[PDB]
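Trainee: Before we start, here is the structure in question, set down as structure tokens.
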Amino acid sequence: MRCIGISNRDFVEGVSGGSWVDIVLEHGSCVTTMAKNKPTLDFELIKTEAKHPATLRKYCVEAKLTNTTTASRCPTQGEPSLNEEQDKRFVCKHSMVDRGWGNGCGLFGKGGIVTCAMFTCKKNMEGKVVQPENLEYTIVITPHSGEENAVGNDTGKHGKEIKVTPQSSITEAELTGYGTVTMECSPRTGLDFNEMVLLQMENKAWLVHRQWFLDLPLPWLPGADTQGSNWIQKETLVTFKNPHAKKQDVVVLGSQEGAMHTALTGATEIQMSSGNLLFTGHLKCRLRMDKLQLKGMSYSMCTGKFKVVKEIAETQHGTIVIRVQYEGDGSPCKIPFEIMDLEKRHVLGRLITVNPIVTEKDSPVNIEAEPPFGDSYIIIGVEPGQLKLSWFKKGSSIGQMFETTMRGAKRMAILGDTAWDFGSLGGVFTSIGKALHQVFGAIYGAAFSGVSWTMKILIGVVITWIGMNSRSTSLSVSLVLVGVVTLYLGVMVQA
Amino acid sequence: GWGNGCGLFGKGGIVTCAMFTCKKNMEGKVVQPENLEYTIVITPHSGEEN
Amino acid sequence: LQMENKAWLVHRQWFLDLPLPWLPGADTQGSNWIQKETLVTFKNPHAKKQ
Amino acid sequence: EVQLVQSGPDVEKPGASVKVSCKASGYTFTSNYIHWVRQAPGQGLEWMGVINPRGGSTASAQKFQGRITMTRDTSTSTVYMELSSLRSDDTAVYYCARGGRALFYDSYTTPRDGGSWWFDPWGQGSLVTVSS
Amino acid sequence: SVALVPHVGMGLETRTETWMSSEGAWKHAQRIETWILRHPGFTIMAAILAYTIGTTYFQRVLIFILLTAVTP
Amino acid sequence: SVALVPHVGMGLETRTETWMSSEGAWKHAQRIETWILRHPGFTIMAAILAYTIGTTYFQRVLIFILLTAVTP
Amino acid sequence: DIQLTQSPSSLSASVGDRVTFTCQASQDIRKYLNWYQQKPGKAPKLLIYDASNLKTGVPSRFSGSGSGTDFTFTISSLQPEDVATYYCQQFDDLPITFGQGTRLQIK
Ligand SMILES: *[C@@H]1O[C@H](CO)[C@@H](O[C@@H]2O[C@H](CO)[C@@H](O)[C@H](O)[C@H]2NC(C)=O)[C@H](O)[C@H]1NC(C)=O
Ligand SMILES: *[C@@H]1O[C@H](CO)[C@@H](O[C@@H]2O[C@H](CO)[C@@H](O)[C@H](O)[C@H]2NC(C)=O)[C@H](O)[C@H]1NC(C)=O
Ligand SMILES: *[C@@H]1O[C@H](CO)[C@@H](O)[C@H](O)[C@H]1NC(C)=O
């Protein structure tokens, strides 16, 4: 719940190792976990808040000019000077024009000339940085098992809104009864700050990395402005017209807000009005789950005469939900839910609500479960067999495995070696795979990066051809490995 | 989905719309090869200071 | 080509081929800009409202 | 003793610039920052800006963007504030004190506090009136 | 200006679409196709150069698609 | 956008300097040199590709300077 | 920014009373707060630093408390030399902002 229809959702099986399960979760998706007991929790990530930023840089985007002084010496005696070249607030440039008696001076040469202009600034880029503290991730962890009002509605108080910061720890959270859950986040292995720059324009903000933002044109100014206006650039902005021979002139280059946006394509955007409201990015929890009842075992198989009040409602490969309305004298009991096959009973499904439970009286409790890939009879009644429902999950086994392989390829994509940490309880194989892909993606790190969609797929096809030319069985670690990783990376990036 | 309220739990379509108002513009013009004059100053030598 | 204060002399095929929405010379009422895929851009986050 | 002394009250023209001094006594002049705070009579207090005596970096608030300048003299242990583009709203009482010092340079907040803003060492007050 | 260095392969991705949402890629491809369509003579010149230097077929195709992409 | 197709070899010249006055050329060269300086690994990859395909020295130098210039 | 609201704006009390002031911040200012008195047209004096600590030389009738955003200043016994305008002040994040003020009147 709070997790239905938000597809790309991260099913997690297994709790072994005692209780610890490694989960990598991000703003876009959410994670549903399972175990043989200890009922299914839902991990949705919501807003990140970096509390205390520090302003590192001001770029001017629109500028205007005034007071427009200029001067010229004489033909080759004197190179011109001007007293308002003294301020660096003025922009200045030397050039050479021509001079003669017509101009008045004498000696008929190509004499030097200066021009000067006062530099005033319009609205700016207010680029800031944040340390890898003063930032909190807010995670709503919410349980299944009933409580209508909406298997969606992330707004609402059913799942606790627990904060976490790198100045914090094991993240103890409490729920109704059973839900003492401890979460050990590792936020420093997340976005890897001290390589980030939040970038605020007039209304919006973006998250761009640091070297690019330092390397960008559109005049420099450091964070100690106040009475600054000391812009140490302006060859990238204001341009000086020089016609054929005579007097040169100043030209404001105009607002580069559109060119700025075209520059920061391929970068995630962010609302930043109230301090900060940082979004899309991932983090890595280790999850410990001892401390968990099943919201009572402590009950009976119920009497009977249930009633559906909602449809069949298939979501996203198998997860189907059914909202039943108990009728009778329950004194709240369990719900005898089963997913069976046909006659000569071969009961084969799974229930992801584990131990669903009726509330006090009439209240439309709802149940999600996964049938197999074909025919299925979902049954809920007992003594007069009360209610069966037919259902046909279209599916496949092979198609399900192939889609899971595509999910694993997308995890070999965007989220890095954290996606090797996305499983759990792996011991030897998972850890050695994470270390091997760590050093391997480090070699394919910076290290052949910085390239666009087109050039990546083109360098992929040329390197897969030179692998196809087949010398001495280097063609494998060439051609097939490199062609797979380049193509399945290039067609998936720039999202 | 049913959180959104509708039903059937799918990836449903959506539209968005916005009224478009314009600030200052490029006012591109053309000229025929008439309605145009060249002004030439032809001036002689031989004296006349200034 | 006239901007707010300046003008430039650019050849015709380039100027027709340029983005930044089209509008023909007979506007006065209209504001009928037959483009705007080059200008205003629509954010779509992960799932919800654009 | 622990003491600061300011200059006398001044009256200037609109659009002019005014200079207010702040002389120190009783301590080592590069062991504290100096900060300038205004107060209009029909208003409470309002922070203008910050200078460091050791070295001489400055900063100021956004309401004084490009209007204020701060210098010093280490030999006389004195801090000068110069407010430019005077208008009628600038008629106020001016104040200058001492911050506990991140040794090198200004504007820090994480060393446990400044510790006053600004009434332990501060002085006697400079009234500035912008009139014709 | 900031017309270029358009922050592309820097890293820093996430699950969500970043700024132009797969419109900058088609922007790049359509403008280079449009520029090829306007100036066919340089394309013919690049094809002749590809046929002259190289002369193994793969090298020819490589430097031809490169000299179509060398335009600023 | 109009970030590119920067009206370069269209013709239409005159005796006088046109708009940026030999600053756009140095702009182009300095930004591609800066981008090479920031990302050395792609330069090494391009050098390896130049050494592998081609293999006559002039072809190697040609496709290496091209793959330095293929960046958008 | 960090809007700092001071409440109430003005009070009147008799000599010997206990009076409390409340300042609220729009952000977390966890301990960075200061309390000042100001005698009108005079040279004013610090009362409380770090929102909990007396300055040496200040009598013990003054106190302050509060952690998150809401802070309480307290005079235990009001005395006739304590008629002043009282200010609370944030120190955090440095567009340094004062409270509005709190005037006192002796009954
Ligand atoms: C998501 O949760 C909210 C909060 O519980 C739901 O709002 C409640 O709706 C029930 C319906 O009968 C009312 O009785 C409550 O008074 C509502 N709570 C309020 C207004 O705070 C909301 O309906 C849920 N979302 C959906 C789609 O049902
Ligand atoms: C350029 O030509 C003008 C026009 O002849 C010159 O202006 C004249 O200067 C003489 C000098 O005594 C005057 O007597 C005339 O009355 C001026 N003509 C006017 C004002 O129409 C000008 O001096 C020449 N430039 C130079 C540098 O000699
Ligand atoms: C600039 O020109 C204005 C008049 O337009 C004048 O008032 C101002 O003093 C001039 N500034 C400088 C620095 O010359």
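By convention here, the chains of the structure tokens are called A, B, ... in the order presented, each chain's residues are numbered starting at 1, and ligands are numbered starting at 1 in the order presented.
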Tell me the residues of chain A close to chain E, meaning within 7 Å using only C-alpha atoms, as an NGL selection string.
Mentor: :A and (28 or 217 or 236 or 259-260 or 262-269 or 280-281 or 414 or 449-453 or 494-495)
Trainee: I want to know what sits within 7 Å of residue 92 in chain G, based on only C-alpha atoms, with residues of the same chain fewer than 6 positions away left out; could you give that as a list in words?
Mentor: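 Near residue 92 in chain G, the qualifying residues are residues 109 of chain D; 29 and 32 of chain G.
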Trainee: With only C-alpha atoms as the atoms that count, which of B:49, B:1, B:34, B:42 lies nearest to chain C?
Mentor: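 Among the listed residues, the smallest separation from chain C belongs to B:1.
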Trainee: Give me, as a PDB file with N, CA, C and O atoms, in the first residue's frame, the set of residues whose atoms come within 10 Å of any atom of ligand 3, counting only C-alpha atoms and all ligand atoms.
Mentor:
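Saved as pocket_27.pdb:
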```pdb
ATOM      1  N   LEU A  65      24.866  48.497 -20.049  1.00  0.00           N
ATOM      2  CA  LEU A  65      26.062  49.317 -20.087  1.00  0.00           C
ATOM      3  C   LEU A  65      25.698  50.782 -19.934  1.00  0.00           C
ATOM      4  O   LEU A  65      24.609  51.215 -20.312  1.00  0.00           O
ATOM      5  N   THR A  66      26.634  51.548 -19.385  1.00  0.00           N
ATOM      6  CA  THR A  66      26.450  52.983 -19.222  1.00  0.00           C
ATOM      7  C   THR A  66      27.815  53.657 -19.160  1.00  0.00           C
ATOM      8  O   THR A  66      28.850  53.004 -19.000  1.00  0.00           O
ATOM      9  N   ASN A  67      27.788  54.970 -19.390  1.00  0.00           N
ATOM     10  CA  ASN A  67      28.842  55.971 -19.234  1.00  0.00           C
ATOM     11  C   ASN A  67      29.946  55.898 -20.283  1.00  0.00           C
ATOM     12  O   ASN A  67      30.722  56.848 -20.392  1.00  0.00           O
ATOM     13  N   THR A  68      30.031  54.782 -21.022  1.00  0.00           N
ATOM     14  CA  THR A  68      30.523  54.600 -22.391  1.00  0.00           C
ATOM     15  C   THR A  68      31.696  55.495 -22.811  1.00  0.00           C
ATOM     16  O   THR A  68      31.586  56.279 -23.759  1.00  0.00           O
ATOM     17  N   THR A  69      32.804  55.437 -22.090  1.00  0.00           N
ATOM     18  CA  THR A  69      33.933  56.272 -22.467  1.00  0.00           C
ATOM     19  C   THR A  69      34.871  55.525 -23.400  1.00  0.00           C
ATOM     20  O   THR A  69      34.933  54.294 -23.405  1.00  0.00           O
ATOM     21  N   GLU A  84      39.049  56.030 -16.292  1.00  0.00           N
ATOM     22  CA  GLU A  84      38.030  55.107 -15.819  1.00  0.00           C
ATOM     23  C   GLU A  84      38.316  53.675 -16.228  1.00  0.00           C
ATOM     24  O   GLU A  84      37.426  52.827 -16.123  1.00  0.00           O
ATOM     25  N   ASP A  87      38.882  51.253 -12.543  1.00  0.00           N
ATOM     26  CA  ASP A  87      37.965  50.325 -11.894  1.00  0.00           C
ATOM     27  C   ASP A  87      37.881  49.065 -12.739  1.00  0.00           C
ATOM     28  O   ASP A  87      37.833  49.139 -13.967  1.00  0.00           O
ATOM     29  N   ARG A  89      35.255  47.378 -12.452  1.00  0.00           N
ATOM     30  CA  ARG A  89      33.834  47.419 -12.767  1.00  0.00           C
ATOM     31  C   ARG A  89      33.602  47.826 -14.214  1.00  0.00           C
ATOM     32  O   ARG A  89      32.668  47.337 -14.854  1.00  0.00           O
ATOM     33  N   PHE A  90      34.452  48.693 -14.751  1.00  0.00           N
ATOM     34  CA  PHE A  90      34.423  48.987 -16.172  1.00  0.00           C
ATOM     35  C   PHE A  90      35.062  47.855 -16.968  1.00  0.00           C
ATOM     36  O   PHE A  90      36.048  47.245 -16.557  1.00  0.00           O
ATOM     37  N   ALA A 117      33.277  50.722 -20.639  1.00  0.00           N
ATOM     38  CA  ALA A 117      31.854  50.729 -20.327  1.00  0.00           C
ATOM     39  C   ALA A 117      31.616  50.219 -18.915  1.00  0.00           C
ATOM     40  O   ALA A 117      32.216  49.234 -18.491  1.00  0.00           O
ATOM     41  N   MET A 118      30.718  50.890 -18.197  1.00  0.00           N
ATOM     42  CA  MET A 118      30.336  50.445 -16.864  1.00  0.00           C
ATOM     43  C   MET A 118      29.382  49.265 -16.960  1.00  0.00           C
ATOM     44  O   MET A 118      28.486  49.234 -17.805  1.00  0.00           O
TER      45      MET A 118
END
```
Trainee: Would you list the contacts of residue 185 in chain A as a list in words, taking every protein, DNA or RNA residue within 7 Å and counting only C-alpha atoms, but skipping same-chain residues closer than 5 positions in sequence?
Mentor: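 Final neighbour list, sorted by chain and number: residues 284, 285 and 286 of chain A.
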Trainee: Taking only C-alpha atoms and all ligand atoms into account, report as an mmCIF file with N, CA, C and O atoms, in the first residue's frame which residues have an atom no farther than 9 Å from an atom of ligand 1.
Mentor:
```
data_model
loop_
_atom_site.group_PDB
_atom_site.id
_atom_site.type_symbol
_atom_site.label_atom_id
_atom_site.label_comp_id
_atom_site.auth_asym_id
_atom_site.auth_seq_id
_atom_site.Cartn_x
_atom_site.Cartn_y
_atom_site.Cartn_z
ATOM 1 N N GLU A 148 -8.804 0.375 4.611
ATOM 2 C CA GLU A 148 -9.255 1.129 3.444
ATOM 3 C C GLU A 148 -9.196 2.633 3.742
ATOM 4 O O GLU A 148 -9.008 3.027 4.899
ATOM 5 N N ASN A 149 -9.589 3.460 2.767
ATOM 6 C CA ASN A 149 -8.855 4.619 2.278
ATOM 7 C C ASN A 149 -7.579 4.165 1.599
ATOM 8 O O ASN A 149 -6.493 4.261 2.175
ATOM 9 N N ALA A 150 -7.749 3.573 0.411
ATOM 10 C CA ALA A 150 -6.805 3.822 -0.669
ATOM 11 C C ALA A 150 -5.420 3.207 -0.533
ATOM 12 O O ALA A 150 -4.556 3.738 0.161
ATOM 13 N N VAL A 151 -5.230 2.040 -1.137
ATOM 14 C CA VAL A 151 -3.900 1.484 -1.391
ATOM 15 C C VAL A 151 -2.882 2.438 -2.036
ATOM 16 O O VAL A 151 -1.688 2.126 -2.065
ATOM 17 N N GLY A 152 -3.320 3.564 -2.594
ATOM 18 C CA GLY A 152 -2.444 4.691 -2.871
ATOM 19 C C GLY A 152 -2.360 5.632 -1.675
ATOM 20 O O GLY A 152 -1.891 5.225 -0.607
ATOM 21 N N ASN A 153 -2.767 6.899 -1.893
ATOM 22 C CA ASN A 153 -2.720 8.091 -1.019
ATOM 23 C C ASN A 153 -1.504 8.150 -0.089
ATOM 24 O O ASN A 153 -1.594 7.896 1.117
ATOM 25 N N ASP A 154 -0.329 8.420 -0.665
ATOM 26 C CA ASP A 154 0.848 8.723 0.147
ATOM 27 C C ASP A 154 0.623 9.892 1.110
ATOM 28 O O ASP A 154 1.242 9.926 2.179
ATOM 29 N N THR A 155 -0.257 10.831 0.773
ATOM 30 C CA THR A 155 -0.780 11.745 1.776
ATOM 31 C C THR A 155 -1.702 11.002 2.736
ATOM 32 O O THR A 155 -2.644 10.320 2.324
ATOM 33 N N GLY A 156 -1.439 11.153 4.021
ATOM 34 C CA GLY A 156 -2.218 10.462 5.027
ATOM 35 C C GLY A 156 -1.340 9.747 6.034
ATOM 36 O O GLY A 156 -0.214 9.329 5.738
ATOM 37 N N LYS A 157 -1.865 9.587 7.246
ATOM 38 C CA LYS A 157 -1.087 9.094 8.376
ATOM 39 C C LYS A 157 -1.421 7.630 8.637
ATOM 40 O O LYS A 157 -2.264 7.319 9.481
ATOM 41 N N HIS A 158 -0.759 6.737 7.910
ATOM 42 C CA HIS A 158 -0.797 5.318 8.224
ATOM 43 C C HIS A 158 0.629 4.795 8.281
ATOM 44 O O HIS A 158 0.970 3.970 9.132
ATOM 45 N N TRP B 2 -6.560 3.250 -7.963
ATOM 46 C CA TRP B 2 -7.601 3.575 -6.994
ATOM 47 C C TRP B 2 -7.133 4.588 -5.967
ATOM 48 O O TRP B 2 -7.955 5.170 -5.253
ATOM 49 N N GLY B 3 -5.830 4.806 -5.870
ATOM 50 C CA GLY B 3 -5.336 5.915 -5.090
ATOM 51 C C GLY B 3 -5.697 7.205 -5.783
ATOM 52 O O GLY B 3 -6.193 8.147 -5.161
ATOM 53 N N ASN B 4 -5.467 7.239 -7.094
ATOM 54 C CA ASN B 4 -5.942 8.354 -7.898
ATOM 55 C C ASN B 4 -7.453 8.354 -7.999
ATOM 56 O O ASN B 4 -8.062 9.407 -8.207
ATOM 57 N N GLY B 5 -8.072 7.190 -7.861
ATOM 58 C CA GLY B 5 -9.501 7.104 -7.689
ATOM 59 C C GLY B 5 -10.232 6.347 -8.769
ATOM 60 O O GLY B 5 -11.286 5.770 -8.487
#
```
Trainee: Which residues are near ligand 2 - at most 9 Å, using only C-alpha atoms and all ligand atoms? Format: as number ranges by chain.
Mentor: A: 101-104; B: 49-50
Trainee: Enter the distance from CA of residue 237 in chain A to CA of residue 57 in chain A, in Å, rounded to one decimal.
Mentor: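 Going from CA of residue 237 in chain A over to CA of residue 57 in chain A covers 16.7 Å.
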Trainee: Applying 8 Å and only C-alpha atoms, which residues near range 14-24 of chain B remain after dropping the ones on its own chain fewer than 5 positions away? List them as a ChimeraX atom specification.
Mentor: /C:4,31,50
Trainee: Just write the chosen residues, N, CA, C and O atoms, as a short mmCIF file (atom, residue, chain, number, x, y, z; two decimals), in the first residue's frame.
Mentor:
```cif
data_model
loop_
_atom_site.label_atom_id
_atom_site.label_comp_id
_atom_site.auth_asym_id
_atom_site.auth_seq_id
_atom_site.Cartn_x
_atom_site.Cartn_y
_atom_site.Cartn_z
N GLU C 4 15.40 44.27 -30.55
CA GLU C 4 14.94 45.43 -29.79
C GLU C 4 15.59 46.73 -30.24
O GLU C 4 14.94 47.78 -30.26
N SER C 31 -1.89 36.22 -32.91
CA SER C 31 -1.03 35.41 -32.04
C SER C 31 -1.25 33.92 -32.29
O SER C 31 -1.69 33.18 -31.41
N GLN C 50 2.11 16.26 -14.88
CA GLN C 50 3.11 16.96 -15.68
C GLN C 50 2.83 18.45 -15.65
O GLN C 50 1.76 18.88 -15.20
#
```
Trainee: Do me a favour and pick out the residues of chain A within 8 Å of chain D, using only C-alpha atoms, as number ranges by chain.
Mentor: A: 224-229
Trainee: Go ahead and save the residues from that selection, with N, CA and C atoms, as an mmCIF file, in the first residue's frame.
Mentor:
```
data_model
loop_
_atom_site.group_PDB
_atom_site.id
_atom_site.type_symbol
_atom_site.label_atom_id
_atom_site.label_comp_id
_atom_site.auth_asym_id
_atom_site.auth_seq_id
_atom_site.Cartn_x
_atom_site.Cartn_y
_atom_site.Cartn_z
ATOM 1 N N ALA A 224 31.402 36.408 -2.125
ATOM 2 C CA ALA A 224 31.520 37.595 -1.286
ATOM 3 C C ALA A 224 31.253 38.852 -2.109
ATOM 4 N N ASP A 225 30.006 39.015 -2.541
ATOM 5 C CA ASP A 225 29.615 40.167 -3.347
ATOM 6 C C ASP A 225 29.221 41.368 -2.494
ATOM 7 N N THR A 226 27.981 41.359 -2.009
ATOM 8 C CA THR A 226 27.447 42.440 -1.181
ATOM 9 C C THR A 226 27.678 43.806 -1.824
ATOM 10 N N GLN A 227 28.927 44.251 -1.792
ATOM 11 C CA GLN A 227 29.327 45.505 -2.410
ATOM 12 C C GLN A 227 30.406 45.142 -3.422
ATOM 13 N N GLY A 228 30.200 44.011 -4.091
ATOM 14 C CA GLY A 228 31.143 43.490 -5.061
ATOM 15 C C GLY A 228 31.102 44.049 -6.468
ATOM 16 N N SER A 229 30.281 43.433 -7.325
ATOM 17 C CA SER A 229 30.155 43.806 -8.738
ATOM 18 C C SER A 229 31.558 43.846 -9.330
#
```
Trainee: Smallest atom-to-atom distance to residue 98 in chain G: which of D:3, D:33, D:118, D:106, using only C-alpha atoms?
Mentor: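 The shortest atom-to-atom distance to residue 98 in chain G comes from D:118.
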Trainee: Report the distance between CA of residue 46 in chain A and CA of residue 27 in chain A in Å, rounded to one decimal place.
Mentor: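 Taking CA of residue 46 in chain A as the start and CA of residue 27 in chain A as the end point, the length is 6.0 Å.
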Trainee: What are the closest atom pairs, with distances in Å to one decimal, for each residue of chain C lying within 12 Å of chain E, using only C-alpha atoms, rows by chain and rising residue number, as a tab-separated table?
Mentor:
```
residue	atom	partner	partner_atom	distance
C:13	CA	E:38	CA	8.6
C:14	CA	E:38	CA	9.1
C:16	CA	E:38	CA	11.8
C:17	CA	E:34	CA	8.7
C:18	CA	E:31	CA	10.0
C:19	CA	E:31	CA	10.1
C:37	CA	E:23	CA	9.3
C:38	CA	E:27	CA	8.9
C:39	CA	E:20	CA	11.0
C:40	CA	E:20	CA	10.3
C:41	CA	E:20	CA	7.1
C:42	CA	E:20	CA	8.0
C:43	CA	E:19	CA	7.3
C:44	CA	E:17	CA	7.1
C:45	CA	E:16	CA	5.9
C:46	CA	E:16	CA	5.0
C:47	CA	E:16	CA	8.8
C:48	CA	E:16	CA	11.3
C:50	CA	E:17	CA	11.6
```
Trainee: For the residues selected in the previous step, produce a file with N, CA, C and O atoms as a PDB file, in the first residue's frame.
Mentor:
```
ATOM      1  N   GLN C  13      17.213  31.485 -46.528  1.00  0.00           N
ATOM      2  CA  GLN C  13      16.924  30.082 -46.243  1.00  0.00           C
ATOM      3  C   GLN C  13      17.235  29.735 -44.795  1.00  0.00           C
ATOM      4  O   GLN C  13      16.489  28.998 -44.145  1.00  0.00           O
ATOM      5  N   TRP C  14      18.310  30.311 -44.264  1.00  0.00           N
ATOM      6  CA  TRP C  14      18.674  30.176 -42.861  1.00  0.00           C
ATOM      7  C   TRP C  14      17.595  30.753 -41.960  1.00  0.00           C
ATOM      8  O   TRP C  14      17.173  30.121 -40.984  1.00  0.00           O
ATOM      9  N   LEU C  16      14.407  31.323 -42.651  1.00  0.00           N
ATOM     10  CA  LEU C  16      13.210  30.495 -42.672  1.00  0.00           C
ATOM     11  C   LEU C  16      13.426  29.217 -41.882  1.00  0.00           C
ATOM     12  O   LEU C  16      12.520  28.730 -41.196  1.00  0.00           O
ATOM     13  N   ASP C  17      14.633  28.665 -41.953  1.00  0.00           N
ATOM     14  CA  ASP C  17      14.924  27.381 -41.350  1.00  0.00           C
ATOM     15  C   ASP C  17      15.078  27.467 -39.840  1.00  0.00           C
ATOM     16  O   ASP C  17      15.090  26.430 -39.171  1.00  0.00           O
ATOM     17  N   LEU C  18      15.185  28.669 -39.298  1.00  0.00           N
ATOM     18  CA  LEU C  18      15.479  28.836 -37.886  1.00  0.00           C
ATOM     19  C   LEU C  18      14.274  28.457 -37.020  1.00  0.00           C
ATOM     20  O   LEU C  18      13.125  28.668 -37.424  1.00  0.00           O
ATOM     21  N   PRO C  19      14.507  27.879 -35.818  1.00  0.00           N
ATOM     22  CA  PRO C  19      13.439  27.616 -34.828  1.00  0.00           C
ATOM     23  C   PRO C  19      12.892  28.869 -34.151  1.00  0.00           C
ATOM     24  O   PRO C  19      12.776  29.898 -34.821  1.00  0.00           O
ATOM     25  N   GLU C  37       7.165  23.567 -30.121  1.00  0.00           N
ATOM     26  CA  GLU C  37       7.946  22.437 -29.644  1.00  0.00           C
ATOM     27  C   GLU C  37       9.393  22.851 -29.406  1.00  0.00           C
ATOM     28  O   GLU C  37      10.113  22.207 -28.639  1.00  0.00           O
ATOM     29  N   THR C  38       9.837  23.928 -30.055  1.00  0.00           N
ATOM     30  CA  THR C  38      11.190  24.418 -29.829  1.00  0.00           C
ATOM     31  C   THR C  38      11.284  25.260 -28.574  1.00  0.00           C
ATOM     32  O   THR C  38      12.290  25.186 -27.865  1.00  0.00           O
ATOM     33  N   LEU C  39      10.268  26.058 -28.300  1.00  0.00           N
ATOM     34  CA  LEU C  39      10.076  26.733 -27.031  1.00  0.00           C
ATOM     35  C   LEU C  39       9.215  25.792 -26.180  1.00  0.00           C
ATOM     36  O   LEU C  39       9.234  24.579 -26.396  1.00  0.00           O
ATOM     37  N   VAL C  40       8.398  26.338 -25.282  1.00  0.00           N
ATOM     38  CA  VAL C  40       8.005  25.870 -23.949  1.00  0.00           C
ATOM     39  C   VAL C  40       8.001  24.362 -23.713  1.00  0.00           C
ATOM     40  O   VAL C  40       7.402  23.586 -24.463  1.00  0.00           O
ATOM     41  N   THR C  41       8.694  23.953 -22.654  1.00  0.00           N
ATOM     42  CA  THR C  41       9.007  22.557 -22.396  1.00  0.00           C
ATOM     43  C   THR C  41       8.196  22.055 -21.207  1.00  0.00           C
ATOM     44  O   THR C  41       7.930  22.791 -20.255  1.00  0.00           O
ATOM     45  N   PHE C  42       7.793  20.791 -21.267  1.00  0.00           N
ATOM     46  CA  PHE C  42       6.896  20.220 -20.276  1.00  0.00           C
ATOM     47  C   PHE C  42       7.640  19.246 -19.380  1.00  0.00           C
ATOM     48  O   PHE C  42       8.128  18.211 -19.847  1.00  0.00           O
ATOM     49  N   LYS C  43       7.720  19.582 -18.098  1.00  0.00           N
ATOM     50  CA  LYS C  43       8.295  18.654 -17.141  1.00  0.00           C
ATOM     51  C   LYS C  43       7.350  17.493 -16.925  1.00  0.00           C
ATOM     52  O   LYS C  43       6.141  17.670 -16.764  1.00  0.00           O
ATOM     53  N   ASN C  44       7.918  16.295 -16.919  1.00  0.00           N
ATOM     54  CA  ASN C  44       7.214  15.113 -16.439  1.00  0.00           C
ATOM     55  C   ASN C  44       8.152  14.420 -15.472  1.00  0.00           C
ATOM     56  O   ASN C  44       9.168  13.843 -15.872  1.00  0.00           O
ATOM     57  N   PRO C  45       7.841  14.450 -14.189  1.00  0.00           N
ATOM     58  CA  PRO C  45       8.543  13.580 -13.241  1.00  0.00           C
ATOM     59  C   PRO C  45       8.196  12.113 -13.430  1.00  0.00           C
ATOM     60  O   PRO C  45       7.518  11.747 -14.395  1.00  0.00           O
ATOM     61  N   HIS C  46       8.667  11.281 -12.497  1.00  0.00           N
ATOM     62  CA  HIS C  46       8.628   9.822 -12.581  1.00  0.00           C
ATOM     63  C   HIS C  46       7.274   9.224 -12.968  1.00  0.00           C
ATOM     64  O   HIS C  46       7.170   8.510 -13.970  1.00  0.00           O
ATOM     65  N   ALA C  47       6.223   9.516 -12.214  1.00  0.00           N
ATOM     66  CA  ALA C  47       4.922   9.008 -12.609  1.00  0.00           C
ATOM     67  C   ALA C  47       3.901  10.113 -12.815  1.00  0.00           C
ATOM     68  O   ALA C  47       3.342  10.246 -13.901  1.00  0.00           O
ATOM     69  N   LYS C  48       3.705  10.937 -11.794  1.00  0.00           N
ATOM     70  CA  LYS C  48       2.501  11.748 -11.684  1.00  0.00           C
ATOM     71  C   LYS C  48       2.600  13.027 -12.510  1.00  0.00           C
ATOM     72  O   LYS C  48       3.418  13.136 -13.425  1.00  0.00           O
ATOM     73  N   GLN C  50       2.114  16.261 -14.881  1.00  0.00           N
ATOM     74  CA  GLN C  50       3.111  16.960 -15.675  1.00  0.00           C
ATOM     75  C   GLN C  50       2.833  18.454 -15.645  1.00  0.00           C
ATOM     76  O   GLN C  50       1.763  18.881 -15.201  1.00  0.00           O
TER      77      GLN C  50
END
```
Trainee: Quote the spacing between CA of residue 60 in chain G and CA of residue 78 in chain G in Å to one decimal place.
Mentor: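 Going from CA of residue 60 in chain G over to CA of residue 78 in chain G, I get 11.8 Å.
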Trainee: Residues of range 9-53 of chain F in helix (DSSP H, G or I) according to DSSP, as a list in words?
Mentor: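 Matching residues for helix (DSSP H, G or I) in range 9-53 of chain F are residues 24, 25, 26, 27, 28, 29, 30, 31, 32, 33, 34, 35, 36, 37, 38, 40, 41, 42, 43, 44, 45, 46, 47, 48, 49, 50, 51 and 52 of chain F.
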Trainee: Need the shell around residue 36 in chain E: protein/DNA/RNA residues with any atom at most 12 Å away, counting only C-alpha atoms. Skip same-chain ones fewer than 4 positions apart. Format as a ChimeraX atom specification?
Mentor: /E:29-32,40-46,65,67-71 /F:5
Trainee: Using only C-alpha atoms, I'd like every residue of chain G that has an atom within 12 Å of chain A; please write them out as a PyMOL selection string.
Mentor: chain G and resi 1-2+26-29+92-95
